[PDB]
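Trainee: As input, take start_24.cif (mmCIF, C-alpha atoms and all ligand atoms):
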```cif
data_upload
#
loop_
_atom_site.label_atom_id
_atom_site.label_comp_id
_atom_site.auth_asym_id
_atom_site.auth_seq_id
_atom_site.Cartn_x
_atom_site.Cartn_y
_atom_site.Cartn_z
CA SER A 1 -7.20 283.69 89.39
CA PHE A 2 -3.55 282.72 89.95
CA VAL A 3 -4.20 279.30 91.58
CA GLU A 4 -0.76 278.17 90.41
CA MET A 5 1.18 280.69 92.51
CA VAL A 6 -1.23 280.84 95.46
CA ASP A 7 0.63 279.68 98.58
CA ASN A 8 4.07 279.34 96.97
CA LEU A 9 5.83 280.91 99.98
CA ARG A 10 7.11 279.23 103.16
CA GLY A 11 9.59 279.53 106.00
CA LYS A 12 9.39 281.71 109.09
CA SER A 13 8.78 285.48 109.20
CA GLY A 14 11.45 285.56 111.93
CA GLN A 15 13.74 283.69 109.56
CA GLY A 16 12.32 285.01 106.26
CA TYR A 17 9.92 283.86 103.53
CA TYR A 18 11.24 281.80 100.61
CA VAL A 19 10.15 280.30 97.31
CA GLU A 20 11.21 277.25 95.34
CA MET A 21 13.43 277.91 92.29
CA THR A 22 15.74 275.90 90.00
CA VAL A 23 19.00 276.95 88.32
CA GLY A 24 21.13 275.45 85.53
CA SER A 25 20.69 272.48 83.20
CA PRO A 26 19.71 269.95 84.37
CA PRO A 27 17.52 271.66 87.04
CA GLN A 28 19.01 272.19 90.51
CA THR A 29 16.36 272.95 93.14
CA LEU A 30 16.92 275.55 95.87
CA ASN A 31 14.85 277.51 98.41
CA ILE A 32 15.31 281.23 97.77
CA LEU A 33 14.32 283.96 100.23
CA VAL A 34 12.00 286.64 98.89
CA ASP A 35 13.65 289.96 99.73
CA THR A 36 12.22 293.30 98.58
CA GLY A 37 15.08 294.80 100.56
CA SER A 38 17.81 294.06 98.00
CA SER A 39 18.59 293.56 94.31
CA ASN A 40 20.93 290.56 93.98
CA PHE A 41 20.07 286.98 93.14
CA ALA A 42 22.71 285.20 95.22
CA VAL A 43 22.89 281.52 95.99
CA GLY A 44 25.22 279.32 97.96
CA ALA A 45 27.64 277.84 95.45
CA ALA A 46 29.77 275.94 97.94
CA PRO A 47 29.33 273.82 101.09
CA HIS A 48 28.56 275.43 104.44
CA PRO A 49 27.40 273.95 107.77
CA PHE A 50 24.03 275.62 107.27
CA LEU A 51 23.34 274.64 103.66
CA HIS A 52 21.34 271.44 102.98
CA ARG A 53 22.49 271.88 99.37
CA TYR A 54 23.95 274.46 96.99
CA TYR A 55 24.50 275.53 93.38
CA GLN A 56 26.94 273.25 91.54
CA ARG A 57 28.21 275.22 88.55
CA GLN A 58 30.39 272.36 87.23
CA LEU A 59 27.24 270.31 86.68
CA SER A 60 25.34 272.89 84.63
CA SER A 61 25.73 272.86 80.85
CA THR A 62 24.26 276.33 80.63
CA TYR A 63 26.38 277.99 83.30
CA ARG A 64 28.54 280.83 82.01
CA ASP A 65 31.41 282.53 83.91
CA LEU A 66 31.62 286.34 84.00
CA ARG A 67 35.10 286.26 85.55
CA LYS A 68 34.23 289.06 87.97
CA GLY A 69 34.22 288.95 91.77
CA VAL A 70 31.92 290.65 94.25
CA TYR A 71 32.35 291.55 97.92
CA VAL A 72 29.31 292.43 100.00
CA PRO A 73 29.69 293.28 103.70
CA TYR A 74 26.81 294.25 105.95
CA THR A 75 26.58 294.00 109.73
CA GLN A 76 29.89 292.81 111.08
CA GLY A 77 29.33 290.22 108.32
CA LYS A 78 29.51 289.72 104.53
CA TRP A 79 29.12 287.33 101.57
CA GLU A 80 31.76 286.88 98.87
CA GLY A 81 30.99 285.54 95.42
CA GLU A 82 31.81 284.88 91.80
CA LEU A 83 29.53 286.45 89.17
CA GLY A 84 28.15 284.43 86.29
CA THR A 85 24.90 283.48 84.57
CA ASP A 86 22.59 280.53 84.01
CA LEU A 87 18.96 279.59 83.29
CA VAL A 88 16.33 280.04 86.02
CA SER A 89 12.79 278.89 86.75
CA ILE A 90 10.07 279.02 89.40
CA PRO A 91 8.07 275.76 89.70
CA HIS A 92 5.06 277.28 91.44
CA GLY A 93 5.31 280.46 89.38
CA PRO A 94 5.08 281.60 85.75
CA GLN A 95 5.80 278.82 83.26
CA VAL A 96 8.91 280.46 81.85
CA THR A 97 12.66 280.08 81.85
CA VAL A 98 14.96 283.10 81.83
CA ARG A 99 18.68 283.65 81.98
CA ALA A 100 19.78 285.73 84.97
CA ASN A 101 22.85 287.04 86.69
CA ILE A 102 23.79 284.80 89.60
CA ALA A 103 26.29 285.63 92.33
CA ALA A 104 27.79 282.25 93.22
CA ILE A 105 28.50 282.66 96.93
CA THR A 106 31.73 281.00 98.01
CA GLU A 107 32.40 282.33 101.52
CA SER A 108 30.20 284.11 104.05
CA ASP A 109 30.03 285.42 107.59
CA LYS A 110 26.64 285.94 109.25
CA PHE A 111 24.56 285.55 106.06
CA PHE A 112 23.22 281.99 106.02
CA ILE A 113 20.84 281.54 108.97
CA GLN A 114 20.69 278.29 110.91
CA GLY A 115 17.22 276.79 110.47
CA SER A 116 15.68 279.11 107.85
CA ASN A 117 15.82 276.38 105.17
CA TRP A 118 16.70 278.66 102.26
CA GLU A 119 20.05 278.56 100.51
CA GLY A 120 19.81 281.83 98.64
CA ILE A 121 18.34 285.27 98.21
CA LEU A 122 16.25 286.81 95.44
CA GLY A 123 16.50 290.58 95.52
CA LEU A 124 13.47 292.17 93.91
CA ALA A 125 14.60 295.78 94.32
CA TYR A 126 16.02 297.98 91.55
CA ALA A 127 19.54 297.79 90.13
CA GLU A 128 20.55 301.08 91.73
CA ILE A 129 21.43 299.19 94.92
CA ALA A 130 22.91 296.18 93.12
CA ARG A 131 26.45 294.98 93.75
CA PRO A 132 28.97 295.52 92.46
CA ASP A 133 26.91 298.15 90.67
CA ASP A 134 23.75 298.98 88.75
CA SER A 135 25.20 297.41 85.61
CA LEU A 136 24.45 293.90 87.00
CA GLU A 137 20.84 293.45 85.99
CA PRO A 138 18.50 292.16 88.78
CA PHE A 139 16.41 289.02 88.26
CA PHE A 140 12.91 290.49 87.81
CA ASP A 141 14.30 292.99 85.28
CA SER A 142 15.54 290.07 83.19
CA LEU A 143 12.36 288.06 83.65
CA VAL A 144 10.22 290.95 82.48
CA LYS A 145 12.36 291.56 79.41
CA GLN A 146 12.72 287.96 78.25
CA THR A 147 9.05 287.04 78.58
CA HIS A 148 5.66 288.73 78.58
CA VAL A 149 5.09 288.46 82.29
CA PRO A 150 3.64 291.80 83.46
CA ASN A 151 6.07 294.18 85.24
CA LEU A 152 4.53 293.75 88.69
CA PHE A 153 4.33 291.30 91.60
CA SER A 154 2.28 291.11 94.80
CA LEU A 155 2.72 289.58 98.24
CA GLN A 156 0.44 288.15 100.93
CA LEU A 157 2.52 287.02 103.92
CA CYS A 158 0.22 285.13 106.30
CA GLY A 159 2.73 284.49 109.08
CA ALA A 160 0.82 281.27 109.75
CA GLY A 161 -0.76 281.55 113.18
CA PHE A 162 0.95 280.18 116.28
CA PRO A 163 4.68 279.50 116.96
CA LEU A 164 6.32 277.35 114.29
CA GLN A 165 9.67 275.57 113.90
CA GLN A 166 12.14 274.30 111.31
CA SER A 167 9.98 271.18 111.15
CA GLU A 168 6.69 273.09 110.99
CA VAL A 169 8.09 274.87 107.93
CA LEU A 170 7.35 272.07 105.47
CA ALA A 171 3.94 271.55 107.08
CA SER A 172 2.10 274.88 107.01
CA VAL A 173 2.76 277.17 104.04
CA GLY A 174 3.40 280.82 104.83
CA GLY A 175 2.08 282.98 102.00
CA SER A 176 1.98 284.00 98.34
CA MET A 177 4.17 285.74 95.76
CA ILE A 178 2.05 286.38 92.64
CA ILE A 179 4.28 287.25 89.74
CA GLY A 180 2.90 289.45 86.99
CA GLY A 181 -0.51 289.67 88.55
CA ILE A 182 -2.91 290.69 91.30
CA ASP A 183 -4.96 287.93 92.92
CA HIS A 184 -8.46 288.95 94.00
CA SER A 185 -8.71 286.05 96.46
CA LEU A 186 -5.93 287.39 98.66
CA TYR A 187 -7.70 290.47 99.94
CA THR A 188 -10.96 292.08 100.92
CA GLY A 189 -12.08 295.65 100.36
CA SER A 190 -10.22 298.12 98.14
CA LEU A 191 -6.61 298.42 97.06
CA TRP A 192 -5.02 301.77 97.97
CA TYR A 193 -1.94 303.03 96.14
CA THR A 194 0.95 305.16 97.35
CA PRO A 195 3.70 306.43 94.99
CA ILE A 196 7.23 305.05 94.86
CA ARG A 197 9.43 308.03 95.74
CA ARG A 198 12.63 306.69 94.18
CA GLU A 199 13.38 303.44 92.42
CA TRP A 200 16.29 302.00 94.37
CA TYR A 201 14.65 300.49 97.47
CA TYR A 202 10.84 300.45 97.51
CA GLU A 203 10.73 303.87 99.14
CA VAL A 204 7.47 305.45 100.23
CA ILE A 205 6.46 308.50 102.26
CA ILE A 206 4.55 308.34 105.56
CA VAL A 207 2.58 311.40 106.58
CA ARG A 208 0.97 310.53 109.90
CA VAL A 209 1.23 308.00 112.72
CA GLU A 210 -1.51 307.02 115.19
CA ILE A 211 -1.80 304.83 118.29
CA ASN A 212 -5.42 303.80 119.00
CA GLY A 213 -6.52 306.89 117.10
CA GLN A 214 -4.21 309.27 118.93
CA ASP A 215 -1.88 311.27 116.72
CA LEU A 216 1.80 310.67 117.45
CA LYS A 217 2.00 314.30 116.42
CA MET A 218 5.49 314.63 114.96
CA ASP A 219 6.78 316.60 111.99
CA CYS A 220 5.95 314.19 109.21
CA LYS A 221 9.54 314.50 107.94
CA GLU A 222 10.74 312.66 111.08
CA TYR A 223 8.77 309.55 110.11
CA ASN A 224 10.80 309.23 106.93
CA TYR A 225 14.03 310.33 108.59
CA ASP A 226 16.57 309.05 106.11
CA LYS A 227 13.98 307.04 104.21
CA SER A 228 10.97 304.72 104.41
CA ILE A 229 10.92 301.41 102.55
CA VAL A 230 8.85 298.21 102.39
CA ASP A 231 10.97 295.14 103.06
CA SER A 232 9.79 291.54 103.02
CA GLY A 233 13.27 290.64 104.28
CA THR A 234 12.84 292.49 107.58
CA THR A 235 10.81 290.88 110.36
CA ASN A 236 9.95 293.89 112.50
CA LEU A 237 8.47 297.32 111.89
CA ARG A 238 11.50 299.58 112.18
CA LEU A 239 11.24 303.24 113.05
CA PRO A 240 13.76 306.04 113.68
CA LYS A 241 15.06 306.53 117.22
CA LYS A 242 12.67 309.38 117.96
CA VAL A 243 9.48 308.01 116.41
CA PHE A 244 10.39 304.74 118.06
CA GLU A 245 10.49 306.20 121.55
CA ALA A 246 7.37 308.29 121.09
CA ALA A 247 5.59 305.10 119.98
CA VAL A 248 6.69 302.84 122.84
CA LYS A 249 5.54 305.45 125.33
CA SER A 250 2.13 305.77 123.69
CA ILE A 251 1.92 301.98 123.48
CA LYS A 252 3.10 301.69 127.09
CA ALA A 253 0.33 304.00 128.25
CA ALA A 254 -2.43 302.41 126.19
CA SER A 255 -1.71 299.12 127.92
CA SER A 256 -1.24 300.36 131.50
CA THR A 257 -3.73 297.92 133.11
CA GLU A 258 -0.72 295.64 133.03
CA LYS A 259 2.97 296.43 133.32
CA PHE A 260 5.87 294.83 131.47
CA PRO A 261 9.69 294.83 131.85
CA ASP A 262 11.70 297.51 130.06
CA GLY A 263 13.27 294.38 128.60
CA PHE A 264 10.03 293.57 126.81
CA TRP A 265 9.80 296.89 124.99
CA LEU A 266 13.46 296.50 124.05
CA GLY A 267 12.77 293.23 122.32
CA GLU A 268 15.13 291.79 124.88
CA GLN A 269 12.67 289.67 126.82
CA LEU A 270 9.25 288.26 125.99
CA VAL A 271 5.93 287.93 127.84
CA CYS A 272 3.64 284.95 128.47
CA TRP A 273 -0.06 284.51 129.22
CA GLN A 274 -1.91 281.38 130.24
CA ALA A 275 -2.77 279.61 126.99
CA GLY A 276 -5.69 281.21 125.21
CA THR A 277 -5.79 284.21 127.55
CA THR A 278 -3.65 286.70 125.63
CA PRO A 279 -5.31 290.07 126.44
CA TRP A 280 -5.35 291.55 122.92
CA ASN A 281 -7.98 294.15 123.84
CA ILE A 282 -5.51 295.81 126.22
CA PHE A 283 -2.86 296.57 123.54
CA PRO A 284 -3.60 299.33 120.97
CA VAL A 285 -4.00 299.26 117.21
CA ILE A 286 -1.34 301.06 115.17
CA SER A 287 -1.70 303.09 112.00
CA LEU A 288 0.52 304.59 109.34
CA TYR A 289 -0.92 307.13 106.94
CA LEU A 290 0.64 306.98 103.49
CA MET A 291 0.72 309.50 100.69
CA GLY A 292 -1.96 309.01 98.06
CA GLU A 293 -1.50 308.97 94.31
CA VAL A 294 -4.00 311.82 94.18
CA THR A 295 -2.76 315.23 95.31
CA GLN A 296 -3.42 316.21 98.92
CA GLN A 297 -5.15 312.91 99.46
CA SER A 298 -3.95 310.09 101.71
CA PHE A 299 -5.10 306.80 103.20
CA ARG A 300 -3.99 304.61 106.07
CA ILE A 301 -3.23 301.01 106.92
CA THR A 302 -3.86 299.68 110.42
CA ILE A 303 -2.47 296.67 112.28
CA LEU A 304 -3.36 294.92 115.51
CA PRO A 305 -1.30 293.54 118.40
CA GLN A 306 -1.68 290.19 116.63
CA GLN A 307 0.76 291.70 114.12
CA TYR A 308 3.38 293.46 116.28
CA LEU A 309 3.55 290.82 119.04
CA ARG A 310 5.37 287.88 117.53
CA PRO A 311 4.46 284.41 118.87
CA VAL A 312 7.54 282.52 120.03
CA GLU A 313 8.07 279.02 121.41
CA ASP A 314 8.36 279.32 125.20
CA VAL A 315 11.81 278.79 126.72
CA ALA A 316 10.69 275.53 128.31
CA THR A 317 7.94 275.15 125.71
CA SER A 318 5.37 275.05 128.51
CA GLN A 319 1.59 275.46 128.27
CA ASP A 320 1.87 279.24 128.02
CA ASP A 321 1.57 281.56 125.01
CA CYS A 322 4.58 283.86 125.10
CA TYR A 323 5.25 286.87 122.87
CA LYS A 324 8.05 289.16 121.68
CA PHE A 325 7.48 292.91 121.07
CA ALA A 326 8.41 293.18 117.37
CA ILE A 327 8.79 296.96 117.22
CA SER A 328 12.42 298.15 117.31
CA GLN A 329 14.40 301.29 116.55
CA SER A 330 16.35 302.16 113.43
CA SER A 331 19.06 304.53 112.30
CA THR A 332 18.60 303.86 108.58
CA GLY A 333 15.03 305.09 108.50
CA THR A 334 11.70 303.32 108.58
CA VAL A 335 11.52 299.68 107.49
CA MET A 336 7.97 298.40 106.92
CA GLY A 337 8.74 294.77 107.63
CA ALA A 338 6.63 291.70 108.26
CA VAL A 339 4.63 293.02 111.21
CA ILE A 340 3.17 295.46 108.67
CA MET A 341 2.95 293.21 105.60
CA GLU A 342 1.26 290.31 107.45
CA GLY A 343 -1.75 292.58 107.70
CA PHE A 344 -2.04 293.30 103.98
CA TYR A 345 -1.94 292.01 100.43
CA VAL A 346 0.89 294.15 99.06
CA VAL A 347 1.26 295.02 95.36
CA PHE A 348 4.59 296.11 93.86
CA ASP A 349 3.30 297.84 90.72
CA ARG A 350 6.69 298.72 89.16
CA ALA A 351 5.03 299.38 85.80
CA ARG A 352 3.13 302.25 87.41
CA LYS A 353 5.72 303.20 89.99
CA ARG A 354 3.39 302.59 92.93
CA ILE A 355 2.65 300.23 95.81
CA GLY A 356 -0.78 299.15 96.90
CA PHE A 357 -2.22 297.93 100.18
CA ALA A 358 -5.41 296.00 100.92
CA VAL A 359 -6.71 294.07 103.91
CA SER A 360 -5.24 290.57 103.91
CA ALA A 361 -7.82 287.82 103.52
CA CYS A 362 -5.51 285.76 105.74
CA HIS A 363 -4.36 288.21 108.43
CA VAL A 364 -4.58 287.21 112.09
CA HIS A 365 -7.33 288.72 114.24
CA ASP A 366 -10.11 287.98 116.73
CA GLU A 367 -13.81 288.79 116.14
CA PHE A 368 -13.55 292.15 117.85
CA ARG A 369 -11.03 293.86 115.60
CA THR A 370 -9.48 293.55 112.16
CA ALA A 371 -6.63 295.11 110.21
CA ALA A 372 -7.70 297.90 107.86
CA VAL A 373 -6.97 300.17 104.90
CA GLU A 374 -9.05 303.32 104.73
CA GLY A 375 -9.08 306.62 102.85
CA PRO A 376 -9.10 309.32 101.58
CA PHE A 377 -7.77 311.79 104.13
CA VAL A 378 -6.69 315.41 103.83
CA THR A 379 -3.96 316.30 106.36
CA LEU A 380 -2.22 319.02 104.32
CA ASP A 381 1.61 318.85 104.32
CA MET A 382 2.98 315.69 102.74
CA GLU A 383 5.74 315.76 100.11
CA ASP A 384 7.40 317.95 102.73
CA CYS A 385 7.88 314.73 104.68
CA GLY A 386 10.42 313.47 102.20
CA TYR A 387 13.93 313.54 103.63
CA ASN A 388 16.87 314.51 101.40
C1 LIG B 401 19.49 292.23 107.98
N1 LIG B 401 18.51 291.48 107.16
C2 LIG B 401 17.38 292.13 106.65
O1 LIG B 401 16.57 291.53 105.98
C3 LIG B 401 17.13 293.58 106.92
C4 LIG B 401 17.48 294.43 105.69
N2 LIG B 401 18.28 293.66 104.69
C5 LIG B 401 19.78 293.62 104.82
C6 LIG B 401 20.41 292.67 103.81
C7 LIG B 401 21.74 292.31 103.93
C8 LIG B 401 22.33 291.40 102.97
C9 LIG B 401 23.77 291.01 103.08
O2 LIG B 401 24.53 291.31 102.17
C10 LIG B 401 24.30 290.28 104.28
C11 LIG B 401 25.70 289.96 104.37
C12 LIG B 401 26.21 289.29 105.50
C13 LIG B 401 25.34 288.91 106.55
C14 LIG B 401 23.96 289.20 106.48
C15 LIG B 401 23.43 289.89 105.36
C16 LIG B 401 21.52 290.89 101.89
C17 LIG B 401 20.18 291.26 101.77
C18 LIG B 401 19.60 292.15 102.72
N3 LIG B 401 18.30 292.52 102.60
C19 LIG B 401 17.62 293.00 103.62
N4 LIG B 401 16.24 292.86 103.64
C20 LIG B 401 18.77 290.04 106.88
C21 LIG B 401 17.49 289.18 107.12
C22 LIG B 401 17.73 287.71 106.73
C23 LIG B 401 18.15 287.64 105.25
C24 LIG B 401 19.48 288.39 105.07
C25 LIG B 401 19.28 289.88 105.42
#
```
Can you dump the structure from the file as structure tokens?
Ligand SMILES: CN(C(=O)CCN1Cc2cc(C(=O)c3ccccc3)ccc2N=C1N)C1CCCCC1
Mentor:
Amino acid sequence: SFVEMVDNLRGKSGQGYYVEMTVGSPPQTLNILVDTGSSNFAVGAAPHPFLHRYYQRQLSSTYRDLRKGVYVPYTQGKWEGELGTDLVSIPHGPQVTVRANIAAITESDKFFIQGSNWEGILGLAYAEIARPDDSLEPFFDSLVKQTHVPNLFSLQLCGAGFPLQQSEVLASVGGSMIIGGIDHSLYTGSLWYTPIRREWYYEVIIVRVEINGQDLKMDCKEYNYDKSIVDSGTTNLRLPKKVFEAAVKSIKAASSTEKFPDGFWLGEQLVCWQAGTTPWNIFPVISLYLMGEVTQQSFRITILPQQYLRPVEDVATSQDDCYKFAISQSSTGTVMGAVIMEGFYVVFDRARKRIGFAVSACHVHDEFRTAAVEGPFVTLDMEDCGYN
């Protein structure tokens, strides 16, 4: 179907997924992180201890200067840049060349990650959350208007399998970003769609949460406290303070046969099990019910411990499989990160203002269980879950 784009993503979920791209004339190649969490196409345009390479504007005959600066701070950090434009392409993507807005990053604190292997970020969200403002057209918006590529893209993040490293990056590809299409070889079963509440972040509405079938039983509005978005840039599944606690307890209980340190459930410290003996069956499956496109109808996606327990290279890299509990609390609402996406083929159907989920043909699981997507359900009381 889209053989060309299949498996065009790499990196490390923990350090983000990225795709190859080229900017300027002649072509300058750079790894760009795929982030559904933002709307700026920003690349390193100056040396930095963590950049193997960067965008060299003086060497591009098509580069154009907008003579406008941009300051973006975030978490005790920030990236500063100079706005401009140039021609862009995606080798393992559509065979097209567009002209996009490019923030040439010139100074940054806490942005570029050591080891990730990407020198830039491709924000696929809407302009509403673009810096310095919504007038700076996002990349995909430009791509869709300068070509005939369909206004939609889908993602299948396969998180590989076992612990990887900066070296294992260019050895085992991570996943796929299919631009302008939906690839039938990336999923099994049906594709279920949930509406996009507001086009700024990819915001959705969750109506119910379950732990091994048991209802978390909270006012559905609490689940979307502030907001709920899907973000390929975020590693963990992030949930409000309350929901978070309620969940850890339920998860704690479910797994009682064995006890772990409070440090584990805080993401502070990890756990290990003699190679090959990880007791998956002891940990519970998790499920989020989403609002359906059809009124009063809803469906659910379900992940396994193989999705929320991230494999990490042991401290002493011994012969023991250790794991990190990838479920943490949030204050900015729910973030459906990689622990969620690595279970499904996710479709960002902007043209129809919806997002679809399907079982990933590459998700991790043992023969006893499997991730799922099932519907329809009728648990009256849904739009009422939307926060304001
Ligand atoms: C925190 N990260 C996330 O992916 C979670 C949600 N975000 C935040 C985010 C922040 C930025 C920045 O402007 C920035 C500035 C200085 C230092 C760090 C970040 C840009 C895009 C963002 N998109 C998200 N998905 C980080 C995960 C690694 C990639 C950077 C964002």
Trainee: Kindly give the distance, in Å, that separates CA of residue 286 in chain A and CA of residue 303 in chain A, rounded to a single decimal.
Mentor: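 Atom-to-atom, CA of residue 286 in chain A to CA of residue 303 in chain A, that is 5.4 Å.
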Trainee: Produce the centre coordinates and the three edge lengths, each in Å to one decimal, of the box along x, y and z that contains all listed atoms of range 163-167 of chain A with 6 Å added on each side, as lines of an AutoDock Vina configuration file.
Mentor:
```
center_x = 8.4
center_y = 275.3
center_z = 114.1
size_x = 19.5
size_y = 20.3
size_z = 17.8
```
Trainee: Using all atoms listed in the file, find each protein or nucleic acid residue lying at most 10 Å from ligand LIG 401 (chain B); present the set as a PyMOL selection string.
Mentor: chain A and resi 13-17+33-42+71-80+108-113+116+118+120-125+131+201+230-236+238+332+335+337
Trainee: Skipping near chain neighbours, those fewer than 5 positions away, what residues fall within 7 Å of residue 347 in chain A using only C-alpha atoms, listed as an NGL selection string?
Mentor: :A and (153-155 or 355-357)
Trainee: Would you save the residues from that selection as a JSON list (two decimals), in the coordinates of the input, using C-alpha atoms?
Mentor:
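Once everything was written out, this is out-v1.json:
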```json
[["chain", "number", "residue", "atom", "x", "y", "z"],
["A", 153, "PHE", "CA", 4.33, 291.30, 91.60],
["A", 154, "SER", "CA", 2.28, 291.11, 94.80],
["A", 155, "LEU", "CA", 2.72, 289.58, 98.24],
["A", 355, "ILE", "CA", 2.65, 300.23, 95.81],
["A", 356, "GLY", "CA", -0.78, 299.15, 96.90],
["A", 357, "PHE", "CA", -2.22, 297.93, 100.18]]
```
Trainee: What does the structure give for the distance between CA of residue 302 in chain A and CA of residue 277 in chain A, in Å to one decimal?
Mentor: 23.2 Å
Trainee: For CA of residue 377 in chain A and CA of residue 298 in chain A, determine how far apart the two atoms are, in Å to one decimal place.
Mentor: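 Rounded to one decimal, the two atoms are 4.8 Å apart.
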Trainee: Which residue is closest to residue 119 in chain A? Choose from A:311, A:24, A:47, A:138 and count all atoms listed in the file.
Mentor: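 Using all atoms listed in the file, the shortest distance to residue 119 in chain A belongs to A:47.
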Trainee: Ranking A:324, A:310, A:99, A:352 by minimum distance to residue 161 in chain A and counting only C-alpha atoms, which one comes first?
Mentor: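 Smallest distance to residue 161 in chain A is found for A:310.
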Trainee: If we count only C-alpha atoms, what is near residue 102 in chain A at a cut-off of 10 Å, once residues fewer than 6 positions away on the same chain are taken out, given as an MDAnalysis selection string?
Mentor: chainID A and resid 23 40:43 45 63:66 81:88 122 136:139
Trainee: Which residues are close to residue 281 in chain A, i.e. within 10 Å by only C-alpha atoms, leaving aside same-chain residues fewer than 3 positions away? Reply as a ChimeraX atom specification.
Mentor: /A:255,278,284-285,304-305,366,368-369
